[PDB]
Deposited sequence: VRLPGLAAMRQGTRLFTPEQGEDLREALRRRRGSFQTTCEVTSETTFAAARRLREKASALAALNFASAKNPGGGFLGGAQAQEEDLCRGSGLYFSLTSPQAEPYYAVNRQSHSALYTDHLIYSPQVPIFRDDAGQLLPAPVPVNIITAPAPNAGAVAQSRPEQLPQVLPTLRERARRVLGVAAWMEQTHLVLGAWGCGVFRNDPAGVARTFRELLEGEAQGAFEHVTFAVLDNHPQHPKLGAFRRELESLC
């Protein structure tokens, strides 16, 4: 039998296309200055920050460090694999509405990908970081979008290297523009693009920091950066703490 919440979530899944970029900015701009934005940088998983924020959260959204080409990225280290194995996310990512995002991204034949985002409403989290049931599932809205594959660019088309950073910059602003458009209060962000895709965690953490200080200033209530980091140097975790000190 199908798990509770899946049908509602899949049917509410919705595609944002590149041609709606200006719609997303106007939503951000209109929402600027609405709160005293509280923000933190943590070492929790993306669904652990979500799950503790839930009971406090008017409108809770989290970012999927998604594949551009296959829902769930075809599958252990990776965060989207984590979200798919412990929630209904996959059932939403394979939905009919969502298909143009993978179809176009594959057709682009560019490691920078395109500007489609998938909005999955009320995705039920079913299991903890350790994989047993939750009391009851806890729903979270999930914004899925692919960071540019900086690794692939370096190895397959270095000529797009200078475009890497502007691409992640404008796509992040679409990411929070979707969160503003869907009127979220609590945003779970993190080391977007910084693992498999090999983006500089310094640039990523900062690019956020700029937007939460510029166009996204005050647009959200609480923004936590859940950055899992089991590497002893804690490189990703450190660059996010080091560079989000102004805002938190």
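Q: What ranges of the deposited sequence, counted from 1, have no C-alpha atoms in this structure?
A: Missing from the model is only the stretch 76-78.
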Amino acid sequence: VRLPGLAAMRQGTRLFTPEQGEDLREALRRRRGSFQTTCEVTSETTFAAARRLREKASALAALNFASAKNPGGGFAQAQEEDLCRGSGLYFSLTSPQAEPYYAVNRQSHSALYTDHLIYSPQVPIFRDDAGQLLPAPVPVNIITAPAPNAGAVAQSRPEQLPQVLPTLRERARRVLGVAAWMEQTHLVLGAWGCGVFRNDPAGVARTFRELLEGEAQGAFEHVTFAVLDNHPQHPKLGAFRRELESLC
From here on, numbers count along this sequence of modelled residues.
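Q: Once you work out the mean C-alpha B-factor for both 114-122 and 127-135 from the entry, which is higher?
A: Higher of the two, by average CA B-factor, is 127-135.
Q: Select between 216-224 and 57-65 the stretch whose C-alpha atoms have the higher average B-factor in the entry.
A: Result: 216-224.
Q: Between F35, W181, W192, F47, let me know which has the highest C-alpha B-factor in the entry?
A: Highest C-alpha B-factor among the listed residues goes to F35.
Q: If I read the C-alpha B-factors straight from the PDB entry, which of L15, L24, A239, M9 is highest?
A: Checking the PDB record, the top C-alpha B-factor among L15, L24, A239, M9 is at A239.
Q: Comparing against every modelled residue in the chain, figure out the third that the C-alpha B-factor of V196 lands in (lowest, middle or highest).
A: It belongs to the lowest third of the chain when residues are ordered by C-alpha B-factor.
Q: Relative to the other modelled residues in the chain, which third contains the C-alpha temperature factor of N141: lowest, middle or highest?
A: Bottom third by C-alpha B-factor.
Q: Comparing against every modelled residue in the chain, figure out the third that the C-alpha B-factor of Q107 lands in (lowest, middle or highest).
A: Answer is middle: the recorded C-alpha B-factor places it there.
Q: Mind checking which third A147 falls in for C-alpha B-factor across the chain?
A: Lowest third, going by the recorded CA B-factors of the chain.
Q: Could you place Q77 in the lowest, middle or highest third of its chain by Cα temperature factor, using the values in the record?
A: It belongs to the highest third of the chain when residues are ordered by C-alpha B-factor.
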